[PDB]
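Alright, here's a single protein chain in two forms, structure 1 and structure 2, each given by itself as structure tokens.
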Structure 1
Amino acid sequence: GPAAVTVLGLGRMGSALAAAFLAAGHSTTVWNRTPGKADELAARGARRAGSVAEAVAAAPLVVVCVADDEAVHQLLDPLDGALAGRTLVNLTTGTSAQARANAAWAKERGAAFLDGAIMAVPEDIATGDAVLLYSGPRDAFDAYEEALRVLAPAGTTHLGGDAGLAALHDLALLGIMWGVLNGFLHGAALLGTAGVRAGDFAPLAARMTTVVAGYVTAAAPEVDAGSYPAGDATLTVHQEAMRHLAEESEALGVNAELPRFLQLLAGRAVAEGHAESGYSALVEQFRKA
């Protein structure tokens, strides 16, 4: 039946992971450095382990979700032989270098290793909206996919064998998130000068964000072909509208560094021959240090 699992880390996210495993019928053993965080899970059927060593011994699948890579090694480095024969899944946030170093670290302890990235807030764990990304040996992912999938039943993806891939994808997706939020917050500042509450702008901003998701899909073949048709706006047209957004900002006393930076990316592409190309031509300067 369902694999036994251990979750190390009972912060907001780790607690959500443990609850999802337990709700799906998995034997779920939990442990946390700060005390008093396991009482509700234990009441629902989780096992509160007496130590990190006991917790790791409880299951073949060991899921870690703590503050950072330093915290991971604070828990696991003292172990001696505990991880041999197990599969370690690190859903802690970190870098690609930390992920690759962890794969080698785990291999020396006789453990399989998958790095993961949680592309979700805790309340979206175990919903159709959650996305969790994994990288490392495919055999370990395939063996535990059915257990891992409870965390993101419609969004569990193995990216490939290089253990650093999940962290790279995590940072790239965060880049999109920050692009959205900066655009929303700068626009909320701009429209707020005209008496528009952020709650009245947000439905338009969320709708437009969903529309632009489709523009991302349209852009991908252009990037892959290296061919950048203007569509309905050359980069000259984009550049002029960006200048307009900077002018609106400056006239209202709103910070204009973001629209000027956007205008600079476009202006550079224009100076390098893309005045008549579509927006996807901006990938060319993103590729060059």
Structure 2
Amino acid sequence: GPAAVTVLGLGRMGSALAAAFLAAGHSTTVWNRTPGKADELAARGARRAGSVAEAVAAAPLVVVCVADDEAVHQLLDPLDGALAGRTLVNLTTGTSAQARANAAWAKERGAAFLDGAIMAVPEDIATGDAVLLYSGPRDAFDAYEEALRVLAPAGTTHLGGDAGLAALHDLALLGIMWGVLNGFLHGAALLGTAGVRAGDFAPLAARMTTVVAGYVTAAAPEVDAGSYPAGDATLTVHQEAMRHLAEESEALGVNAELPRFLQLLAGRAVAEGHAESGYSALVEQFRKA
């Protein structure tokens, strides 16, 4: 049947995690530092643990979702041997270095450790819009995927054994989001000088975004190969259009810092001999500090 699970942390997001486990039929034990945040869950069937030690002893799967890594260790460091044989899933926001250090710490204490990144707001937990990324030993993920997937039934993803991968993928994916939104908003500013409503630009911008998803998968093998054929446009052609975008921005009185930055990066690739390479050659500029 459903695995027993413990949730440590009943903030907005921890509470949503515990509610999802309970609604899916798991025996759910909950704990929070400050009393008074567990009684609705208890009334729905959760076990209100009397202490951290009881909570951690209650289930082989311990999901932690608190403010930061300092709080995680305030809760878990005083435990003496309680973690041995258990699987710790840390959904607290942290860095890749914190996750890798936590993996070593947990291994010393006999626990399996998965670091997770929640790509969702609390209200979207257990919906098809949620994504949760996991990293750490695959055997622990496989053992508990049936339980963990109730938090993101169409979005539960194991990335690999390096515990730092979740944090890094989360940030990398947000980078794509910021790139899209900046392009939309800068474009909306540019077109706004000609009276164009952002809602008139948006369907074209959204379709472009969808099209460029295919460019992403097309570029990946070139990155891995270190070989960057021009395909449909050399970096020279890209850079010229970048220059044009900057010059139109300056002429029309909107901010040109974004296209000038794009042009800077492309120019560094051209300076290293990639005038006739495809856009994927810019990966070499991103690897260099």
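Numbering for residues begins at 1 and runs along the sequence of structure 1. Residues that one form lacks are left out of the comparison. Think of the rigid core as the biggest set of C-alphas that the two forms share within 1.5 Å after superposition.
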Could you tell me if residue 197 and residue 86 fall into one and the same rigid part between structure 1 and structure 2? no
Interdomain rotation angle between structure 1 and structure 2 - two rigid parts, degrees: 18
Expressed in angstrom, the C-alpha movement of residue 176 between structure 1 and structure 2 on a rigid core superposition is 3.7
Superposing on the core, what C-alpha displacement does residue 124 show between structure 1 and structure 2, in angstrom? 0.0
Distance the CA of residue 261 travels between structure 1 and structure 2 [rigid core superposed, Å]: 5.4
I need the moving stretches between structure 1 and structure 2: superpose on the rigid core, then report runs of 3+ consecutive residues where each CA shifts by 2 Å or more, in sequence order. 173-288
